[PDB]
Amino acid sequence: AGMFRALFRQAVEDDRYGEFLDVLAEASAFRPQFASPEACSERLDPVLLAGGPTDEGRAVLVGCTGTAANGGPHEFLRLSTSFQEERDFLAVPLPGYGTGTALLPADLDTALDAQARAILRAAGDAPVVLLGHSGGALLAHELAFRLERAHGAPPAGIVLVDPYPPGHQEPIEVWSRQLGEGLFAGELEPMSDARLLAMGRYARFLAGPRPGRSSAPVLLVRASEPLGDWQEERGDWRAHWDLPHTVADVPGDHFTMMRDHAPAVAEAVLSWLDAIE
C-alpha cells in the first residue's frame, strides 16, 4: 500500500509503536493544513445512526470519532444499535481524515471549533451528551471544554469510554504493541498514509498542554479485562478520570468492550442519562 503503513507494521512488530507515532506527528507537519474552522476542507455534518422515540428536550448523544487511522464511519455502528428507540445518536467526523485528501487541522482548537459548529447545527435545541472511546474519549472532553469556553454551550454530559489521560497512561504505554496490533487486526481496508499522518498529528495534540476542565458531568466507563500482561504490584491498570459523576464497569478489554460488549456500554449510558435528567 503506502510506505507509512509498511513502516508502522514493522514498528509494531519491533515493539516501537510510540516511536513511530512520534515520526507520524513530525511528518504530518508537511501536509497541507487548515488554520481556521472556516478553512476546513470537509463537510462535518454528523450522521444519524440511531433514532430515539418521537417524542421532550431529551439529550441527544453525539459520538466523537476517535483518532485510529483504521476508523471512521464504522466506529459507532455496533454501539448505536442499542440506542435505536432510546436516543438519537449522531456520529461527528474528525477533521483531516476525509476524501485529493483532507486538510489537516493546524491545531486541536481549530478542529474542535469545526466540529462544534457542525454539532450545534445538527442538534438544534436539544441538549447534547458527547461520547468517545480511547483517544476519542480524550477528544470528547476537549470538545466539551471548547463548546463551554468558546461557544457558550457546555454539553449536558460527557461519556468517556476507557480514557487514558496524561499522567495515567502507563498501562496503555506498556500495552502499545497490542494497540498497534489492534489497529492492524481492525482493518477493513489498508490504513492510508494520509490517515496515519492524521492519527500522529492528533496524538501529538492530545499530549500537549490543554486549557482546562469542562464543568459537564462525566460518566466513566471502564473495561474489566486487561489488554495485556500486568503485575498486580504495579497498581491499577484500568482507565482513569478524576472524580467522575458515575463509574460503570463493563465486560471486555480496551477493544472488546466496544464490539463484543457494546450493549453493556449502551446500557450503562442509558441508565446514566435517566439519572442526570
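Quick note: we count residues from 1 along the sequence shown, nothing fancier. Rigid core (definition): largest C-alpha set, two forms, superposition within 1.5 Å.
Larger root-mean-square CA separation from the shown form, computed after a rigid core fit of the structures in 5 other deposited structures of this protein, is seen for 206-214 when 206-214 is set against 33-41. Between stretches 134-142 and 68-76, greater average Cα displacement in 5 other deposited structures of this protein relative to the shown form, fitted by the core, falls on 68-76. Residue 176 is built in all of the other entries compared, counting only those with both neighbours built, so it is not a gap in a third.
Of the other structures of this protein that model both sides of residue 99, a third or more give it no coordinates. Unmodelled residues of the deposited sequence between neighbouring positions residue 233 and residue 234 number none; the chain is continuous.
Gap between residue 99 and residue 100: 4 to 9 deposited residues without coordinates.
The mean Cα B-factor in the deposited entry runs higher for 185-193 than for the other of 142-150 and 185-193. Taking only CA atoms, the mean B-factor in the PDB entry is higher for 163-171 than for the other of 163-171 and 128-136.
Looking only at 112, 77, 199, 123, the residue with the top Cα B factor in the deposited structure is 123. Highest CA B-factor among 36, 65, 246, 214, as stated in the entry: 36. Among the modelled residues of its chain, residue 12 has a C-alpha B-factor that falls in the highest third, as given in the PDB entry. Ranked by Cα temperature factor within the chain, residue 207 sits in the highest third according to the deposited record. Ranked by Cα temperature factor within the chain, residue 59 sits in the middle third according to the deposited record. Ranked by Cα temperature factor within the chain, residue 44 sits in the highest third according to the deposited record. Annotation for residue 242: CA B-factor lies in the middle third of the chain's modelled residues.
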